[PDB]
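Below you'll find the structure, written out as structure tokens, and then a few comments.
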Amino acid sequence: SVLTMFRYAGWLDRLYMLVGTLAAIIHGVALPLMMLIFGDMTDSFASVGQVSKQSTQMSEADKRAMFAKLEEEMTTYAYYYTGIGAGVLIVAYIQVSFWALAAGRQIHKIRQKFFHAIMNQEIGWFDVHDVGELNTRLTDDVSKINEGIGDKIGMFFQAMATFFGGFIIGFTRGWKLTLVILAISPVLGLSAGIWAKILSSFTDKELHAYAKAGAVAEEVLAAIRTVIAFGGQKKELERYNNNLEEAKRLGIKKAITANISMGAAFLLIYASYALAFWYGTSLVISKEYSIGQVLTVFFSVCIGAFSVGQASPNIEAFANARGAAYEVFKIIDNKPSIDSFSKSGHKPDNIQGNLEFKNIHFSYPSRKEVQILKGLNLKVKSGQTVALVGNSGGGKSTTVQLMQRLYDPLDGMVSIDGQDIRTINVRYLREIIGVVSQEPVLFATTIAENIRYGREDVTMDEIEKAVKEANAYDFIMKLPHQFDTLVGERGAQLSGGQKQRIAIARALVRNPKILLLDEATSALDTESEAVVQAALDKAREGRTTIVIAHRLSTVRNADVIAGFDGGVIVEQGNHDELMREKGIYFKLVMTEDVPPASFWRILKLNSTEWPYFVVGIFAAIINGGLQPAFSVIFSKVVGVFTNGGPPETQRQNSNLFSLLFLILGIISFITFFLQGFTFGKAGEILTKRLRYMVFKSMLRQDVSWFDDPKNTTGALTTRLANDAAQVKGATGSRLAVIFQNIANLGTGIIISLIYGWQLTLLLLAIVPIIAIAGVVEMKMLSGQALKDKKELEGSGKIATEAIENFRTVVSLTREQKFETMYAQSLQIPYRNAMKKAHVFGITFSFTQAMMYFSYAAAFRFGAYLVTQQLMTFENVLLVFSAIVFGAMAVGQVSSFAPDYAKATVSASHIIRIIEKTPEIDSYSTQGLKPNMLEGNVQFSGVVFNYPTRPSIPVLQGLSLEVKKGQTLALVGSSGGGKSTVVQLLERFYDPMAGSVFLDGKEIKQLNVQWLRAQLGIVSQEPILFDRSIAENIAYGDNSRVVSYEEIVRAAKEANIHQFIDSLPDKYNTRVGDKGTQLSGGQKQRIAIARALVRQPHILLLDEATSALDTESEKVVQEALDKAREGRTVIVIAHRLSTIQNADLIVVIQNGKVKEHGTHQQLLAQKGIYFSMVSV
Ligand SMILES: CC(C)CCC[C@@H](C)[C@H]1CC[C@H]2[C@@H]3CC=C4C[C@@H](OC(=O)CCC(=O)O)CC[C@]4(C)[C@H]3CC[C@]12C
Ligand SMILES: CC(C)CCC[C@@H](C)[C@H]1CC[C@H]2[C@@H]3CC=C4C[C@@H](OC(=O)CCC(=O)O)CC[C@]4(C)[C@H]3CC[C@]12C
Ligand SMILES: CC(C)CCC[C@@H](C)[C@H]1CC[C@H]2[C@@H]3CC=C4C[C@@H](OC(=O)CCC(=O)O)CC[C@]4(C)[C@H]3CC[C@]12C
Ligand SMILES: CC(C)CCC[C@@H](C)[C@H]1CC[C@H]2[C@@H]3CC=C4C[C@@H](OC(=O)CCC(=O)O)CC[C@]4(C)[C@H]3CC[C@]12C
Ligand SMILES: CC(C)CCC[C@@H](C)[C@H]1CC[C@H]2[C@@H]3CC=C4C[C@@H](OC(=O)CCC(=O)O)CC[C@]4(C)[C@H]3CC[C@]12C
Ligand SMILES: CC(C)CCC[C@@H](C)[C@H]1CC[C@H]2[C@@H]3CC=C4C[C@@H](OC(=O)CCC(=O)O)CC[C@]4(C)[C@H]3CC[C@]12C
Ligand SMILES: CC(C)CCC[C@@H](C)[C@H]1CC[C@H]2[C@@H]3CC=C4C[C@@H](OC(=O)CCC(=O)O)CC[C@]4(C)[C@H]3CC[C@]12C
Ligand SMILES: CC(C)CCC[C@@H](C)[C@H]1CC[C@H]2[C@@H]3CC=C4C[C@@H](OC(=O)CCC(=O)O)CC[C@]4(C)[C@H]3CC[C@]12C
Ligand SMILES: Nc1ncnc2c1ncn2[C@@H]1O[C@H](COP(=O)(O)OP(=O)(O)OP(=O)(O)O)[C@@H](O)[C@H]1O
Ligand SMILES: Nc1ncnc2c1ncn2[C@@H]1O[C@H](COP(=O)(O)OP(=O)(O)OP(=O)(O)O)[C@@H](O)[C@H]1O
Ligand SMILES: [Mg+2]
Ligand SMILES: [Mg+2]
């Protein structure tokens, strides 16, 4: 459970990690080797020259002799530096590349395995758990695992080796002066382990909070139309901000932990080698050792602070990866009982289609304490049609869901041909069944691709036959792009009847032996339903079919009618057989350019955090300049140490040095904590602010923006989770250490200018060489990051669509198809990662090699400077010591380039989305707010074309009127434009030509929120939230807090209060995602209650009683009649029972008013209205 990641490594990855780790140990010992020949050899030679100095004795010959002696040695050391840098180029490329390649391969495998496990889970698991969290994790937690298993591990092995290599060199050059450091090393490791565990624990909770926020974002962006209709933008933003705040607090805790860890590490190493300083100096003045502090061993153990400071962030990244892997691998390791990928089961060759339910007891996992089916008995003979009738919530859809083995009954057996379906192969069982859900769901692709989900190997002739049987051929052939025309998410860019007929065809292409029809004709008009029913009855003999129809005309022709009452079959028989019993059936039939200043503009939104940046930059300057100043202070200490007079009096300086290194350690602790913490807190504030502003801007947009193919729910959620994380990757501790290293380089340059002005030219020469490689690398990485961000949204779209439509995906047995699509969508990012591995490796290797080439050049040039009597040897050594730290700082800065490109791209996109302004702005306080509404709605010659299919005319000209106390009934064929009128009255879109009036005022001159607050709308396919029944009902009026009594009154008006009260947890019963844990009629009634809680002046009913039963719709209609006068109501209905009482009926055909008048007038006249009610 600790190396749970690295689970999917294989032979090649294990070799990349060993060879990369071998290179990292070889890379790490180059710097100690640089100190070895600089310290042990040259400093000793210089001291011997000063110690064995005879003043002006044979000066003319001796000066030249010693100058040549040191110059030859320095040239040889320059050659050694060149040789070390030559191998540094290879070892550094391997260290970085090999660890990046292994990380990329492992992350690819982890993503594929995670998506496979999510698709392999069960329907009950999906009901119990939340799924927007899964969608957010698949991106964010996988990226977090990636940032901790890659080249940062190689960077840890490299600094660990520098620390140890320095220790080993010190041990070789002196005894017992490094055992003190080696004894405190375990304390440092223990501290590292403790704070790594703390940070991993914090990361787990922070990712939980981010997943909770992403779930809210996903639900809101999937129900954006309901959110906009009910003015819920402000409450949905508040819900998102609630989780953003928890994530921000956890991130601040993470920053405190990590930065106090870094500060404690620096304090501990400083105190540890300060004790060594004191003890060793006491023993050296005791003459136990001669040279232990003279620039050899104290300069070998000086790089330990740099090593620890460089190793700590990689430990933090590893801890974050461990925290991220928890939930991912928990989901991966979860195994389902009803496994749809197992090959363990029977696959009968010839199935005659006999279905039997024997004593079925079932209760849902989400509500165990509610019994749905209690001893259900049902037999379906071969090639027979059986109709399930009864009141809503009776378990009719539960029977269909059990027939597909989405759940297992708690008692009893479901069997096919006398064989238990539990022993049949699950994939085979689901493949021999075609099912149409109560409210069908499509996918964001073309019509032909949607139909191919039923059967992949289907041909175009078979598709045409299926859409002829589904009565969709004419509607598809009247479209541009015909079968290749692209539908929206869930089929949103099609009308209800068209979307349902597409699903009917998708079921038909499977050639199913068992056909499950669940309210398959709810959204179909009577004319289309007739031909669909004829087509179904033309091929009934080949298969056995179960139909759940509220339309009772289709029930009459069924072979056997089953009746549901109290979770059992009360009356089973034919039409006349049940007419004999005159029971339930009788009662029922009785009536771009990525600008370079994007990252600076995103940092101006942190202007309120300027005091945090000031102190952080000051602390970064202090601790960055401390590193080069160490050489100067050590050189000054050497002066008071080489000859202090009496050996015993040296104890004063001995205790002075311990105080110096202890105060220095305290200062390092304080400054490192400040530098990390202030920048981290500013970054945590910035991340939350950016996420908040992006979500608010997304909620501000128009419906046409969400209708775009590139703005799907998955793409939007991926954008939300990704743009903030990429910007965060270049802020905080990274941006702090960037300033730290810049101040380090500046301090080195300044002391070089003060002491030797010649080597400053070498520094100003090495800077551009690293700079050019950095800029070309950043150019390549940004160029590829644009496409990486473009392609990641597609994979997010695939994952979100599969997870949100998991029930349909499982019914169609299309898990493997979506896995293939996800894998294919991962291809371009994977290859870009593989190429970035080599690019980053080669750039890092070039930078590191240039560092050692600069060291060699500095040595060679200092040789000439000393030869020409320009610079003293001690000054040359001091400036070279500065140059080493400066070059390391420059390389560390260059290592920040990969993050900055992604940050710039994401910052540009964030700026663009934030600054975007819609046309129909709902956040605008401008517009008229009439003080008196009379409920007069007039459409005056409205011409409208949808933005996604602008070539198609929807409404050629539309003129209808309605006043207070009147009901306007919209009738017509599917796709006529009835639901477009509702969306135009809701100001979802503006008409191309024409006008819509409210009490004589143009609705474009009104306030958008004010106008929407006067409308009560229930959509054709109502959508709820994964919240309580009470929250869903109270969502109708988001301006005020709705009382419990008012919620109960609305529920009673909607004829749902009895069900809610007879249910455990009552009104606090959490509804499923989109209302899936309710019956269809129950969800429709909850939406009716949500609409009625407003007491709206205009009531918009769009097939508001499609999922209801006869008694329920009668009660709802009586309530509407009781609240009829005093409000304007527009009704879209197919049933004659909801049109008879309408004041005026308008027949809209082809987006025009064809027939108008009262029911009596339209029935007396002969035409479309008379034809539609023939039977
Ligand atoms: C040997 C010198 C020259 C270099 C020092 C190398 C160490 C910095 C690293 C590099 C490889 C590492 C090893 C890589 C993998 C493993 C296996 C690991 O055990 C398992 O993988 C199996 C147990 C489990 O499933 O968790 C225990 C740590 C260990 C020995 C690691 C210990 C630390 C090692 C030796
Ligand atoms: C300081 C040390 C690391 C230097 C030692 C010499 C290296 C340059 C050699 C020694 C072993 C070699 C590796 C041995 C085997 C392989 C497998 C070889 O073939 C594959 O399995 C690749 C398959 C694929 O790419 O799909 C790829 C290169 C690699 C890692 C080699 C790359 C070059 C390595 C690291
Ligand atoms: C001084 C001598 C010893 C040469 C030192 C460097 C080599 C060891 C380098 C140079 C070319 C490198 C190879 C160039 C390209 C590849 C392919 C690369 O695989 C991919 O690009 C991944 C593609 C995928 O996974 O689909 C794996 C490493 C490998 C073998 C590299 C291994 C390391 C190599 C041999
Ligand atoms: C480059 C050389 C000079 C040293 C660099 C690395 C070291 C600082 C060592 C000392 C402690 C080591 C660790 C000691 C214990 C573990 C836990 C170990 O976990 C397991 O595999 C547990 C199961 C098992 O014991 O097999 C994995 C390796 C790791 C992190 C080791 C990795 C290498 C570390 C960090
Ligand atoms: C010589 C100094 C300067 C550096 C040495 C650092 C290592 C000794 C530390 C750094 C990070 C540590 C790792 C951080 C993460 C973990 C998980 C942690 O596991 C737990 O105890 C919690 C697991 C659980 O939740 O059950 C301890 C082992 C391990 C591999 C740690 C092993 C020791 C490591 C490698
Ligand atoms: C402070 C941070 C930056 C350093 C931490 C380093 C170690 C904790 C890691 C780095 C690479 C890891 C190794 C990478 C790959 C594997 C294979 C992997 O194997 C399995 O767990 C197989 C399980 C299965 O096949 O089901 C785990 C052990 C091991 C040796 C890992 C042991 C722990 C290691 C040495
Ligand atoms: C920043 C680095 C990585 C790129 C630029 C490299 C220069 C800083 C180095 C590389 C070659 C060096 C030269 C190589 C050899 C010599 C000859 C050397 O004199 C001799 O060996 C004999 C006397 C003579 O003939 O001049 C004086 C220094 C000089 C000019 C060196 C000066 C510094 C140079 C230009
Ligand atoms: C081509 C790319 C990688 C950038 C160029 C950087 C290095 C290749 C340069 C910068 C520093 C140069 C070195 C600076 C100084 C010297 C000393 C000088 O050689 C001598 O010492 C000659 C006398 C003798 O043989 O002892 C000229 C070569 C050399 C190694 C230079 C070789 C080329 C180096 C490594
Ligand atoms: N996933 C679920 N988790 C918990 N309870 C559920 C779930 N799905 C349905 N229910 C409950 O199952 C019961 C049976 O309703 P079911 O979905 O079987 O509808 P039905 O009887 O076919 O009626 P309708 O005509 O409305 O479709 C209801 O009480 C409903 O709220
Ligand atoms: N968002 C959209 N983008 C593009 N075209 C759309 C969109 N929504 C609907 N359409 C199309 O506009 C036409 C009008 O459909 P509309 O939703 O108004 O039908 P309706 O009269 O309410 O009928 P139904 O009872 O089938 O829902 C149809 O051809 C439909 O496919
Ligand atoms: Mg149903
Ligand atoms: Mg409609």
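If you're wondering about the labels, chains in the structure tokens are A, B, ... by order shown, residues count from 1 in each chain, ligands from 1 in order shown.
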Can you tell me, as a ChimeraX atom specification, which residues in segment 938-1114 of chain A count as helix (DSSP H, G or I) by DSSP? /A:978-985,1008-1012,1029-1034,1044-1053,1057-1061,1066-1068,1073-1075,1080-1092,1110-1114
Could you list, as a list in words, all residues that come within 7 Å of ligand 6? Count only C-alpha atoms and all ligand atoms.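 My answer, listing the contacting residues, is residues 3, 4, 5, 6, 7, 8, 9, 14, 17, 152, 153, 156, 314, 315 and 318 of chain A.
If you look at atom CA of residue 1120 of chain A and atom 30 (C, counted along the ligand's line) of ligand 9, they are 24.9 Å away from each other.
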One residue among A:76, A:948, A:1110, A:399 is nearest to ligand 8 when using only C-alpha atoms and all ligand atoms, and that residue is A:76
Test item: residues at most 12 Å from residue 711 of chain A, only C-alpha atoms, excluding those fewer than 6 positions along its chain, as a list in words: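 Non-adjacent residues within range: residues 221, 222, 444, 488, 489, 698, 701, 702, 703, 704, 705, 717, 718, 719, 720, 790, 793, 794, 796, 797 and 913 of chain A.
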Using only C-alpha atoms and all ligand atoms: which of A:686, A:602, A:547, A:622 has the shortest distance to ligand 9: A:547
List every residue of segment 868-952 of chain A that DSSP, applied to the backbone, labels as strand (DSSP E), and write the result as an MDAnalysis selection string. chainID A and resid 937:943
How far is it from atom 22 (C, counted along the ligand's line) of ligand 4 to atom CA of residue 102 of chain A, in Å with one decimal? 20.1 Å
Using only C-alpha atoms and all ligand atoms, which residues have at least one atom no more than 12 Å from ligand 11? Output them as a ChimeraX atom specification. /A:388-401,436-440,516-520,522,547-550,1076-1084,1106-1109
Distance criterion (only C-alpha atoms): nearest to residue 429 of chain A out of A:89, A:1133, A:402, A:216: A:402
